[PDB]
Enquirer: 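Below is the structure I would like to discuss, written out as structure tokens.
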There are 4 protein chains.
Amino acid sequence: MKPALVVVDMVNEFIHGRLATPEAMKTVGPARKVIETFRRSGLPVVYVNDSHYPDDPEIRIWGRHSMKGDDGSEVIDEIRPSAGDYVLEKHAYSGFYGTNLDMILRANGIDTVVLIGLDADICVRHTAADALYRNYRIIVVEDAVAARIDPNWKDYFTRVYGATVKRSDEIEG
Amino acid sequence: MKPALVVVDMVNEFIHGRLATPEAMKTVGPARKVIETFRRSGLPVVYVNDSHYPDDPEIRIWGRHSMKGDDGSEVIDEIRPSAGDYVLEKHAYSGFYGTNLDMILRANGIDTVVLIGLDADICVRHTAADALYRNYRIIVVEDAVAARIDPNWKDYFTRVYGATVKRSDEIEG
Amino acid sequence: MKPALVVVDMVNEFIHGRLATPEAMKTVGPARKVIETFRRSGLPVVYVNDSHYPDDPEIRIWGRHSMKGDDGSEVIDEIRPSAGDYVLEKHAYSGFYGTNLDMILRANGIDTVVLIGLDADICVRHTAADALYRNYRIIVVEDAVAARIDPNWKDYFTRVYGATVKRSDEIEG
Amino acid sequence: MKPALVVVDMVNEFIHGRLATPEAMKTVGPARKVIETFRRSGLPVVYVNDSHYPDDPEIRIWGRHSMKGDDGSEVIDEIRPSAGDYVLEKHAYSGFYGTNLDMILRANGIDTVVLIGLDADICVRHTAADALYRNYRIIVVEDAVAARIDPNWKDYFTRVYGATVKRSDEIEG
Ligand SMILES: [Zn+2]
Ligand SMILES: [Zn+2]
Ligand SMILES: [Zn+2]
Ligand SMILES: [Zn+2]
């Protein structure tokens, strides 16, 4: 296995600001733990963050959120990115759509994505879908992901994306 | 509005054959009804059908199904395509991934996709996501789509893709 | 016609710095003129600039150039982007690959791309190619584009991408 | 190295039929030679053939050619595909655009594409670009490719895509 960690939407507006929830806050400790081990082990860490324009397709659905330029779209300080970490702006749910995520994964010979962040129903899941199409294996760190609407999310990942589910305190590296 | 109809995985495998959902049969009369009205009105009809190779990414998850060359991957006779419905082979959940769906829709000036077929909560849903990404409006025909795992699938479409839900017996054309 | 202006790689390293040429310098006046008219007319202006990582595929070919973070990848001051202009980072020759260029064009209902910048042999041409695949019409402003290796570039655009060639002092708006 | 052979537009239209280059005939013996060695060695062989609709973007440029359903879009008998060579229909210059080429290459763990067919300076070249974007190494077989407009095509491949150029009678397998 050669994995990269993809950290989805761990940004101020969903953790600290206007759309903050406790489910979201609960992810921060575990996320820092997962991020830290990947770094200490030299493997790629990639942040993929909403950085929306007013006319992005999904703005009609949600209204303005995690806008480009506004501090809402910035990664929370708790897991501030370091030198060597990749930071990507995205305009749709999936971390792959309109981004160079796939490039970075291919350039570092990656065959497995480890997914954490916000959230199990929308962006994490959508990123997972695209990973599958592109023949990556998928791992999700349950305690580092927050649900929104679906309580059967874990089941969906496993049954539909063949994902294996782990906890932050586990590490196959 | 200028819509195209995208007919997802109405193949023998998902209807009559092996992986068929129980309510999957019930979509066939509504699907024929929707397809017919689109045809009678000159608008594009596109069939997107799993046509798998043994090493497609999702084979490890589901095992062999709707394989290229085998009759399981063939559109059911009830709604046999005419010339010139478009018939596309796909290798992943989304009707857009690795296909020329978007080309067809762009070439015919389309701004709205009308979605029917199987599964409501998998291929139809993954087709909807990629439609949203590409700035198409989305319509799902509730009685021409079959769910598999999620019973809250209608809610997901509307809340996550801003889709509007219609019945086969309705027509805004 | 509803056009957007795509301004390719008008960045310091190719105009002012390490890979500066007079062909390149010659584009600046005309580019400012084209950019200005688009702005004065409310139509979208999109800068697409190399912002490379060390391991981008093309770095093996060219060595480091227009690197992310370094002033070489910054747009020249002469045509500094304004409020409302879009500024995109790209990692390959085409302005579309791994970017949200197509999103912006679709969100603003665009059907024609007007191409200027660096250069007619590589990035402008590659961007043109992708525009074609995505069913845009193509216009190139000859005096606002610099050749590198091919002297028959104008012929290639017209014969292969069906591009129409204009001069900066002309305007169909 | 783990290579796949991509065989571009060796169809009746480009060889025997209407738009055929004069030296296009001369590629057929080398192409068969390259194809045969790949087969004898178990490596993937993928045919990518124009299979146009009347409203594909390039029809306005070239007029009708290599149309879907017409024998002009059929692979020449000299190098008839076997089972299981992959045979892909494409609608644009690049063998990647709107196709599942990348899926096949990824599923077979490929890191290098070997390119033959027509035209050296159009479809073969546009296939090379998209290969570079996707971090594949590139090999062109000079005698199994035919130029159309540009006589400096070999130089373009090497200088712009870092391609290495080989003859059909050579084999690094
Ligand atoms: Zn968002
Ligand atoms: Zn399937
Ligand atoms: Zn570059
Ligand atoms: Zn063609």
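Ligands are counted one by one from 1 in listed order, and the atoms in each one are counted from 1 as well. Numbered from 1 within each chain, the chains take letters A, B, ... in sequence-line order. Computed from heavy atoms alone, side chains included, the values below leave out hydrogens, waters and symmetry copies.
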Enquirer: For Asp119(A) and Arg148(A), run salt bridge (charged side-chain N to carboxylate O under 4.0 Å, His left out): C-alpha distance rounded to whole Å, both residues' side-chain angles, the deciding distance at 0.1 Å, then the answer.
Expert: CA-CA 7 Å; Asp119(A) 49 60; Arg148(A) 187 182 281 290; 3.2 Å; yes
Enquirer: Measure from the side-chain N and O atoms of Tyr161(C) to the backbone N and O of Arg137(C), and report whether any donor-acceptor pair falls under 3.5 Å.
Expert: no
Enquirer: The Zn ion (ligand 3) and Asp50(C): any N/O/S contact shorter than 2.8 Å?
Expert: yes
Enquirer: Taking 2.8 Å as the cut-off, does an N/O/S atom of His65(A) lie below it from the Zn ion (ligand 1)?
Expert: yes
Enquirer: Are any N, O or S atoms from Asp9(A) nearer to the Zn ion (ligand 1) than 2.8 Å?
Expert: no
Enquirer: Would the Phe96(A) and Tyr133(A) ring centres measure less than 6.0 Å apart?
Expert: no
Enquirer: Counting backbone and side chain alike, does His52(A) bring an N/O/S atom below 2.8 Å of the Zn ion (ligand 1)?
Expert: yes
Enquirer: Taking 2.8 Å as the cut-off, does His91(C) contribute an N, O or S atom near the Zn ion (ligand 3), distance below it?
Expert: no
Enquirer: Under a 3.5 Å cutoff, is there a donor and acceptor pairing between the side chains of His52(D) and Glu58(D)?
Expert: yes
Enquirer: Is it true that some N/O/S atom of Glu58(D), main chain or side chain, lies under 2.8 Å from the Zn ion (ligand 4)?
Expert: yes
Enquirer: Got a second to check how far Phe157(A)'s CZ is from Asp150(A)'s CG, nearest 0.5 Å?
Expert: 9.5 Å
